[PDB]
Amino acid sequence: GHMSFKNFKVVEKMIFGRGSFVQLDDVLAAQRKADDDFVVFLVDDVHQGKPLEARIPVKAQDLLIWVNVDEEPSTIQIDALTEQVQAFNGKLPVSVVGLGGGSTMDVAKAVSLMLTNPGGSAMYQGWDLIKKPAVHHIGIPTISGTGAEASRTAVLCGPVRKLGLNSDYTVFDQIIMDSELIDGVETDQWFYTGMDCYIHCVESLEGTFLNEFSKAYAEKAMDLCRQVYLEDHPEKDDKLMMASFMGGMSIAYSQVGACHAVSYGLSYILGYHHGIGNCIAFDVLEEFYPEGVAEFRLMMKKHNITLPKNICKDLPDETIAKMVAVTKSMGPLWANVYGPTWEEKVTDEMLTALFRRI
């Protein structure tokens, strides 16, 4: 035998450019072989009533689903959506479009997978469980930072917990990166989601699992984040969309760390959304990432960002302990932070003290 590095599968086709949403209809047309071939549009319901709605190239035969992301995606939701598509028409759609953030894009990835992989989405939560190629699927981010447009995963809250459908088949066939679509995101959520990128970079770049491929992508996306959140460039939306993209590219040969691991306890037990949750966690992690936290804090001041505080002050001991146990279980993240002796530092007590500061 020999050791193997990951053979990394990327999004094969991409359009970058402001206004490029207008090209979606042509990309779709190339998949519509028959007159009646149809497309599923999964669209974040934030876009309902906004200028983008009128531009979505929906045909008479197509299925437009408004996705509500008040809660992040779940296996139940995926399974209901996949049955909806199945009841809508006897034919497979020729493409599934995810038009939204990480949540909606992940919904589109997962639906496109479940349309060709029976048994429900929970069954495929894990690594390389998907047996058949997905329906052709297109990702179109309308808020930048998760890198979900680029990744091989779709993160779903299952019967227990948030875990991804990781597979080469998960990857979008096509992405369209049109930063006009993000120009209206509100300041706080713009900050929360873009900090998903920045924080991920900081974590990855301090990790024990890192090569120069991932390092170069993470460095440059962090650089782009600094330009967006500390400077004032006319191309700020294109820069942030590019950062997001580069972040996603960096995932291959890197890992997250202490912020994601903590954030994961907050999300799973207290229902905090992914972006805000990482920001909340990062602000108590100055001992892990002193430079990144200091810079993050200047970024927050620059943009009048106020994080909620005292979230965990009065919670029952038992609820803390549940977050502690979830966080502690994320071995590969803690190994990324501390190396193979991580179990000696990642204690119930050290974690409890972090959560009590949030």
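Numbers follow the displayed sequence, beginning with 1.
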property: Between 207 to 215 and 151 to 159 (mean CA B-factor, as deposited), the higher; result: 151 to 159
property: Per the entry, higher mean C-alpha B factor between 174 to 182 and 130 to 138; result: 130 to 138
property: Candidate set 193, 112, 167, 121 [ranked by C-alpha B-factor, highest]; result: 121
property: Deposited CA B-factor, highest of 89, 254, 95, 104; result: 89
property: Assigned third (lowest, middle, highest) for the C-alpha B factor of residue 83; result: highest
property: Cα B factor band for residue 331 (lowest, middle or highest third within the chain); result: highest
property: Cα B factor band for residue 18 (lowest, middle or highest third within the chain); result: lowest
property: Within-chain third of residue 245 by Cα B-factor, per the entry; result: lowest
property: Residue 146 - which third its CA temperature factor falls in, relative to the rest of the chain; result: lowest
